[PDB]
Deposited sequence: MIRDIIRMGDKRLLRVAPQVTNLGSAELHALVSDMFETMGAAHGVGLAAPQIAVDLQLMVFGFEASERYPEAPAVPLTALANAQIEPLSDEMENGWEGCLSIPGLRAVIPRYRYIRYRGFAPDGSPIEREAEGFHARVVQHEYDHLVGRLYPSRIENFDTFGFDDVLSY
């Protein structure tokens, strides 16, 4: 079941989400399946539960190949201070994109929907997706991270 994605301006994207506590359950499995379908229909590479107005620490991502992943109760830590600039957009901000700095190298930990633990090092684009989705879980959107406002604009127009 494809879910409506809420758009920037909705207060529900500004919340700090609570932890998932129904790992291995049918209800979580149905939510995650809905999230992959929703992401798929929207042509995304990530989707966070607050974007479909579900207040939980849950994201799905994947597609430089990023493994298809469902991640609950995510924790992230940089593995160096090295930042890298790259293009981001957001399903809740359709048509736009900007250049955003992120950590080039991270580790992320949490749980798969069946309750097994996940722990991975990631770099580049893989790492960026995860940081971007993690931001949704703490009520943060990418415009609050732009440094160079010349890069912010509509996808079909931008020539940076």
| request: Note down, first to last, the deposited-sequence stretches for which the model contains no C-alpha atom. | output: 64-72
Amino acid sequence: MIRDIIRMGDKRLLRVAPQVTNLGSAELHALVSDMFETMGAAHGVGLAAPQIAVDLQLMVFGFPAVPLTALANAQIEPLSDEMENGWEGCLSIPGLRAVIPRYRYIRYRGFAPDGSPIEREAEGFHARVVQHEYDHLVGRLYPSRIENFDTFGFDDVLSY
From here on, numbers count along this sequence of modelled residues.
| query | Do at least a third of the other compared PDB entries leave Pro117 without coordinates? | reply | no
| query | Looking across the other entries that model both neighbours, is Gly62 missing in at least a third? | reply | no
| note | Quick note on 124-132 and 65-73: per-entry mean CA temperature factor is higher in 65-73
| request: With reference to the PDB entry, specify whether the mean Cα temperature factor is higher for 91-99 or for 43-51. | output: 91-99
| said: By the recorded C-alpha temperature factor, relative to the other modelled residues in its chain, which third is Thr151 in? | reply: highest
| Chain-relative CA temperature factor third for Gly139 | middle
| task | Could you look up the Cα B-factor of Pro117 in the entry and say which third of the chain it sits in: lowest, middle or highest? | result | highest
| request: Would you check the entry's CA temperature factor for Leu14 and let me know if it's in the chain's lowest, middle or highest third? | output: highest
